[PDB]
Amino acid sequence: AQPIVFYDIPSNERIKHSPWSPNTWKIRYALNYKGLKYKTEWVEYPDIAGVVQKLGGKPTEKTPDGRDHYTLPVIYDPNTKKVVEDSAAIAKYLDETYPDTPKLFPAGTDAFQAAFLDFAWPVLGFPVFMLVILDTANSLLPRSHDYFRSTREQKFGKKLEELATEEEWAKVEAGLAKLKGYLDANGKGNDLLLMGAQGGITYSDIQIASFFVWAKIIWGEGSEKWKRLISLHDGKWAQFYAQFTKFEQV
């Protein structure tokens, strides 16, 4: 079979040109975990809309003014001749199109995952975003930097330099405390995956891991910031995240 074409956002030498996006990483994870062959095409932030339109793909939401908003990840599957957008929809497509691969949406879990996904950004991803947003912008190629900084600063009404605070660190920890609580409901020995030790990795687990790999890559694995995040709750997150390192092929 031909490699799926995977559209991702590039980076500069600060992070050695590593992919970095929490949103595209969900799909890089899905592909690596499923053992599917793919090739990465690199698209700068301001070129996303153009590229996706030229592919025949669709926007995934609308900006506050009401304009179509195009996002990555997007894939083109040469085996089905289909373009697929929106990370959750892409993961589901992968399950359905490649049924011999491990399922990210086991039967009976779709609505539960939809709900979990809907709260992952407010409770965890957004506070993390604030802690990594400046270093993210500085890891972008020049044209991406200008688009990202201008649009994100416009959005939050602050310079990117003002967003990371200790209050955001408290929000991250509080969000991870909630998550630890949910995982605790599975019982001892089953509290490192949402569906338990023998449940396997779901799309929802990947969503949490994608927040971690984002922070790790942007901050640096040898950094103190990374060490601070990963050390919370007595090293629980180091254990959780360590489950995903085998699936970080680039």
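The first residue of the sequence shown is number 1, and the count goes up from there.
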query	finding
Of 105 to 113 and 73 to 81, the one with larger mean CA B-factor	73 to 81
Mean Cα B-factor comparison, 220 to 228 or 23 to 31, giving the higher one as deposited	220 to 228
169, 129, 93, 156, ranked by C-alpha B-factor: the highest one	156
Highest recorded Cα temperature factor - choice among 208, 183, 52, 215	52
Chain-wide C-alpha B factor ranking for residue 136, given as lowest, middle or highest third	middle
Third of chain Cα B-factors occupied by residue 63	highest
Chain-relative CA temperature factor third for residue 125	lowest
Third of chain Cα B-factors occupied by residue 195	lowest
CA B-factor placement of residue 178, once the chain's modelled residues are sorted into thirds	lowest
